[PDB]
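The same protein chain appears twice below, in two forms, each given on its own as structure tokens and labelled structure 1 and structure 2.
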Structure 1
């Protein structure tokens, strides 16, 4: 009769913050930093092999390409060269995209104005 507790990090960002609150937050952030893209990065629901990230919200400069971003989130997870890691924007593996995230943002962003990314060990 154990009770399994937690965790606020296992709760999706969209359930932690209301749609209205998220829309507001994105608006302030872009005003304060027009230079940057607001990004939400979470572990895939199915994923158990990779560790969970300490943080969820990332402020990314427009010029950074997704190939560069994949490298950054990867060092942060302290992954071995051998571990498989994919960073998906709307279900596409970004470690080949050299396009600036500012261009991805206009095309792929959420209704709330955030750009949402999910990471896992397999691509599908």
Structure 2
């Protein structure tokens, strides 16, 4: 009766994989090396199945760009058709115009650890 050791890649959100201390320390280091860049965590929405999971979830973007540039980055990384539509929600369930500067979104919506959390989902998911 040996243990059937099962092991598989964790699908848990970034907040559950990295501790609060590690996340705070990481933003602190990043903002000290790159004071004009925003640390953004972009993950797949919890109820999304139509869109795949991206290999990368941590993004370091210039603080002079708008939400639009962030959509362009994710869209290309997802390799979407023009027929494929998706939303980019700040924190959770929160939607802003793509013309909105990310620096404005950051200072208003950033988590306590310093990261700005976003999720992507299909428009049909909601």
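Definition used throughout: the rigid core is the maximal C-alpha set that superposes within 1.5 Å between two forms. Shifts are known only where both forms have a C-alpha. Residue numbers count along the first chain shown, from 1.
Colleague: For the core superposition between the two structures, please identify the residue among 91, 78, 49, 28 whose CA shift reaches 2 Å or more.
Modeller: Just 91.
Colleague: Report, to one decimal in Å, how far the Cα of residue 119 moves between the two structures once the rigid core is superposed.
Modeller: With the cores aligned, its C-alpha sits 0.5 Å away.
Colleague: Residue 69: how far does its C-alpha move between the two structures, core aligned, in angstrom?
Modeller: In the core superposition between the two structures, the C-alpha of residue 69 moves 1.1 Å.
Colleague: For a quick check of understanding: after superposing on the core, name the runs of at least three residues, shared by both forms, whose CA atoms each shift 2 angstroms or more between the two structures.
Modeller: 90-97, 122-124 are the stretches that move between the two structures.
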